[PDB]
Amino acid sequence: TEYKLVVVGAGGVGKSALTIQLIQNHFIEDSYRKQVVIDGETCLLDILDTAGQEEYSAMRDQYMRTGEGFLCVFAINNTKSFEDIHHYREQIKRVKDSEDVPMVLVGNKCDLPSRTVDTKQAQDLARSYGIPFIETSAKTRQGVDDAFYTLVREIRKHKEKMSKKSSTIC
Ligand SMILES: Nc1nc2c(ncn2[C@@H]2O[C@H](COP(=O)(O)OP(=O)(O)O)[C@@H](O)[C@H]2O)c(=O)[nH]1
Ligand SMILES: *C/C=C(/C)CC/C=C(\C)CCC=C(C)C
């Protein structure tokens, strides 16, 4: 089953470090296909890190149109990046013309000792949007698989609910 995952969020939150951790297992390509088993389903993940494409209107429009699920990433040490989440969610909702888009809120760099965003205010925001919240470190790999696999589960849920031989001569 093919799932198209898009990683969005402010410059510097660890969107690239997260994608590279998931794919290559350590801490210039945009889009990558990785094959994985999740809850016993054989999955082909098409993952776009939006770091390069975000600044181009037509690219942004296109990855929001074709994207099936969105990791919305902020850094727990960057309040501005937490405030930016609502802008990303509002763009994705407008481009899809939908209220029901698979999304996971991700608070990255949880390995840092220097937090400026309370877990509670992130938990409250996720609840207000009706979406899962995951704390990750691309550095230590904490929560990384959980964050991507949760988003696959959200796309799976969305498809589960979303759901003639003819004659040419006659
Ligand atoms: N300590 C720590 N640093 C991180 C983490 N993720 C990314 N970084 C660093 O933060 C910076 C921005 O990462 P990058 O993946 O390029 O950000 P992007 O612009 O969102 O792709 C880089 O210097 C990374 O090494 C993390 O989980 N913990
Ligand atoms: C759907 C209509 C047709 C253009 C073809 C109908 C088939 C014909 C004339 C012959 C069929 C042959 C047998 C039933 C033996």
# chains A, B, ... in the order shown; residues from 1 in each chain; ligands from 1
$ residues_near_ligand --ligand "ligand 2" --cutoff "8 Å" --atoms "only C-alpha atoms and all ligand atoms" --output "list in words"
residues 167, 169 and 170 of chain A
$ write_last_selection --atoms "N, CA, C and O atoms" --output "compact mmCIF listing (two decimals), in the first residue's frame"
# COMPACT_ATOMS: atom_id res chain seq x y z
N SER A 167 -18.50 -2.65 -23.07
CA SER A 167 -18.17 -3.01 -24.47
C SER A 167 -17.86 -1.74 -25.27
O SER A 167 -18.61 -0.75 -25.22
N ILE A 169 -17.44 -2.22 -28.65
CA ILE A 169 -17.97 -2.53 -30.01
C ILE A 169 -19.51 -2.53 -29.96
O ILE A 169 -20.04 -2.80 -31.05
N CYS A 170 -20.09 -2.51 -28.84
CA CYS A 170 -21.51 -2.65 -28.54
C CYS A 170 -22.15 -1.63 -27.64
O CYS A 170 -21.77 -1.45 -26.50
$ residues_around --residues "residue A:27" --least-positions-apart "6" --cutoff "9 Å" --atoms "only C-alpha atoms" --output "JSON, numbers by chain"
{"A": [17, 18, 20, 21, 138, 139, 140, 141]}
$ write_last_selection --atoms "C-alpha atoms" --output "mmCIF file, in the first residue's frame"
data_model
loop_
_atom_site.group_PDB
_atom_site.id
_atom_site.type_symbol
_atom_site.label_atom_id
_atom_site.label_comp_id
_atom_site.auth_asym_id
_atom_site.auth_seq_id
_atom_site.Cartn_x
_atom_site.Cartn_y
_atom_site.Cartn_z
ATOM 1 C CA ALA A 17 17.177 15.276 10.404
ATOM 2 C CA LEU A 18 13.833 13.428 11.086
ATOM 3 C CA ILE A 20 17.185 11.030 7.340
ATOM 4 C CA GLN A 21 16.886 9.269 10.770
ATOM 5 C CA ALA A 138 16.161 13.178 15.437
ATOM 6 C CA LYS A 139 19.428 13.124 17.518
ATOM 7 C CA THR A 140 18.605 10.140 19.868
ATOM 8 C CA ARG A 141 15.949 8.662 17.436
#
$ residues_near_ligand --ligand "ligand 1" --cutoff "7 Å" --atoms "only C-alpha atoms and all ligand atoms" --output "PyMOL selection string"
chain A and resi 9-18+51+108-112+136-140
$ select_by_dssp --residues "chain A" --states "alpha helix (DSSP H)" --output "PyMOL selection string"
chain A and resi 15-24+57-66+79-96+119-129+144-162
$ closest_residue --among "A:100, A:41, A:46, A:90" --to "residue A:148" --atoms "only C-alpha atoms"
A:46
$ residues_around --residues "stretch 57-72 of chain A" --least-positions-apart "3" --cutoff "7 Å" --atoms "only C-alpha atoms" --output "CSV table (one decimal) with N, CA, C and O atoms, in the first residue's frame"
chain,number,residue,atom,x,y,z
A,3,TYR,N,1.6,5.2,0.7
A,3,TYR,CA,1.3,6.3,1.6
A,3,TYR,C,2.2,7.5,1.2
A,3,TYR,O,3.4,7.3,1.3
A,4,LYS,N,1.6,8.6,0.9
A,4,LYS,CA,2.4,9.9,0.6
A,4,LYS,C,2.4,10.8,1.9
A,4,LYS,O,1.4,11.4,2.2
A,5,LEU,N,3.6,10.8,2.5
A,5,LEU,CA,3.8,11.6,3.8
A,5,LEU,C,4.6,12.8,3.5
A,5,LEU,O,5.6,12.8,2.8
A,6,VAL,N,4.1,14.0,4.0
A,6,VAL,CA,4.7,15.3,3.8
A,6,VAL,C,5.2,15.8,5.2
A,6,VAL,O,4.3,15.8,6.1
A,7,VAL,N,6.4,16.2,5.3
A,7,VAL,CA,7.0,16.8,6.6
A,7,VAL,C,7.1,18.3,6.4
A,7,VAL,O,7.9,18.8,5.5
A,8,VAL,N,6.3,19.0,7.2
A,8,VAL,CA,6.2,20.5,7.1
A,8,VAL,C,6.6,21.1,8.5
A,8,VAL,O,6.6,20.4,9.5
A,9,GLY,N,6.8,22.4,8.5
A,9,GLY,CA,7.3,23.1,9.7
A,9,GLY,C,8.3,24.1,9.4
A,9,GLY,O,9.0,24.0,8.3
A,53,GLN,N,11.3,23.0,-0.9
A,53,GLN,CA,10.2,23.3,-1.9
A,53,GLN,C,9.3,24.4,-1.3
A,53,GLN,O,8.5,24.9,-2.1
A,54,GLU,N,9.3,24.6,0.0
A,54,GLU,CA,8.4,25.4,0.8
A,54,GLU,C,8.3,26.8,0.2
A,54,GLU,O,7.2,27.4,0.0
A,85,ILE,N,2.8,26.5,13.5
A,85,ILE,CA,2.0,25.2,13.2
A,85,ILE,C,0.6,25.6,12.7
A,85,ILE,O,0.2,25.0,11.7
A,92,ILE,N,-2.8,23.8,4.5
A,92,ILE,CA,-3.1,22.4,4.0
A,92,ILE,C,-4.6,22.2,3.9
A,92,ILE,O,-5.1,21.5,3.0
A,95,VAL,N,-5.9,24.2,0.8
A,95,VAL,CA,-5.5,23.6,-0.5
A,95,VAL,C,-6.3,22.3,-0.7
A,95,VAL,O,-6.6,22.1,-1.9
A,96,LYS,N,-6.6,21.6,0.3
A,96,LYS,CA,-7.4,20.3,0.2
A,96,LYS,C,-8.9,20.6,0.2
A,96,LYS,O,-9.6,19.6,-0.2
A,101,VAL,N,-8.1,16.1,7.2
A,101,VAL,CA,-6.7,15.8,6.6
A,101,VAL,C,-5.9,15.0,7.6
A,101,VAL,O,-5.6,15.6,8.7
A,102,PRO,N,-5.4,13.8,7.4
A,102,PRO,CA,-4.5,13.1,8.3
A,102,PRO,C,-3.2,14.0,8.6
A,102,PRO,O,-2.6,14.5,7.7
A,103,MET,N,-3.0,14.2,9.9
A,103,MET,CA,-2.0,15.1,10.5
A,103,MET,C,-1.5,14.5,11.8
A,103,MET,O,-2.4,13.9,12.6
A,104,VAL,N,-0.2,14.7,12.1
A,104,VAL,CA,0.4,14.4,13.5
A,104,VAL,C,1.2,15.6,13.8
A,104,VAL,O,2.0,16.1,13.0
A,105,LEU,N,0.9,16.1,15.0
A,105,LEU,CA,1.7,17.2,15.6
A,105,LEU,C,3.0,16.6,16.2
A,105,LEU,O,2.8,15.6,16.9
A,106,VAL,N,4.2,17.1,15.8
A,106,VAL,CA,5.5,16.6,16.3
A,106,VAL,C,6.3,17.7,16.9
A,106,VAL,O,6.5,18.7,16.3
A,151,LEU,N,1.3,8.6,11.6
A,151,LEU,CA,0.7,9.3,10.5
A,151,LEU,C,0.2,8.3,9.4
A,151,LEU,O,-0.9,8.5,8.9
A,155,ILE,N,-3.6,7.9,8.0
A,155,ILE,CA,-3.9,7.9,6.5
A,155,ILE,C,-4.8,6.6,6.3
A,155,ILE,O,-5.8,6.7,5.6
$ atom_distance --atom1 "atom CA of residue A:113" --atom2 "atom CA of residue A:84"
22.1 Å
$ atom_distance --atom1 "atom CA of residue A:154" --atom2 "atom CA of residue A:119"
21.5 Å
$ closest_residue --among "A:1, A:128, A:98, A:77" --to "residue A:36" --atoms "only C-alpha atoms"
A:1
$ closest_residue --among "A:93, A:35, A:55, A:74" --to "residue A:129" --atoms "only C-alpha atoms"
A:93
$ select_by_dssp --residues "chain A" --states "strand (DSSP E)" --output "PyMOL selection string"
chain A and resi 2-8+31-38+41-49+69-75+103-108+133-135
$ write_last_selection --atoms "C-alpha atoms" --output "mmCIF file, in the first residue's frame"
data_model
loop_
_atom_site.group_PDB
_atom_site.id
_atom_site.type_symbol
_atom_site.label_atom_id
_atom_site.label_comp_id
_atom_site.auth_asym_id
_atom_site.auth_seq_id
_atom_site.Cartn_x
_atom_site.Cartn_y
_atom_site.Cartn_z
ATOM 1 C CA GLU A 2 1.468 3.439 -0.967
ATOM 2 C CA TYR A 3 1.261 6.311 1.594
ATOM 3 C CA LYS A 4 2.413 9.865 0.612
ATOM 4 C CA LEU A 5 3.799 11.551 3.802
ATOM 5 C CA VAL A 6 4.745 15.290 3.790
ATOM 6 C CA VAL A 7 7.000 16.784 6.564
ATOM 7 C CA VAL A 8 6.182 20.537 7.086
ATOM 8 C CA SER A 31 11.567 13.031 -1.861
ATOM 9 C CA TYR A 32 12.278 9.341 -0.920
ATOM 10 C CA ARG A 33 10.429 5.951 -1.135
ATOM 11 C CA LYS A 34 11.072 3.554 1.841
ATOM 12 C CA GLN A 35 9.483 0.057 2.146
ATOM 13 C CA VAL A 36 8.366 -0.933 5.705
ATOM 14 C CA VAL A 37 5.968 -3.300 7.581
ATOM 15 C CA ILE A 38 3.588 -1.404 9.971
ATOM 16 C CA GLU A 41 0.804 -4.241 6.503
ATOM 17 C CA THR A 42 3.530 -4.020 3.795
ATOM 18 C CA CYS A 43 3.873 -0.193 3.293
ATOM 19 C CA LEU A 44 5.674 1.888 0.612
ATOM 20 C CA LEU A 45 6.291 5.344 2.234
ATOM 21 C CA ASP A 46 6.780 8.274 -0.238
ATOM 22 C CA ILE A 47 8.291 10.896 2.186
ATOM 23 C CA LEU A 48 8.798 14.585 1.172
ATOM 24 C CA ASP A 49 10.961 16.832 3.427
ATOM 25 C CA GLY A 69 -0.744 12.882 5.490
ATOM 26 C CA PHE A 70 1.344 15.686 7.082
ATOM 27 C CA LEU A 71 3.868 15.608 9.962
ATOM 28 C CA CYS A 72 3.498 19.184 11.400
ATOM 29 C CA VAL A 73 6.911 19.698 13.106
ATOM 30 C CA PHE A 74 7.957 22.347 15.662
ATOM 31 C CA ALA A 75 11.112 22.461 17.848
ATOM 32 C CA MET A 103 -1.975 15.084 10.493
ATOM 33 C CA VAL A 104 0.358 14.371 13.460
ATOM 34 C CA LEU A 105 1.733 17.233 15.598
ATOM 35 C CA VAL A 106 5.487 16.575 16.281
ATOM 36 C CA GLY A 107 7.566 18.375 18.962
ATOM 37 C CA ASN A 108 11.201 17.749 17.925
ATOM 38 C CA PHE A 133 0.961 14.527 19.368
ATOM 39 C CA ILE A 134 4.458 12.850 19.463
ATOM 40 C CA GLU A 135 7.709 14.113 21.114
#
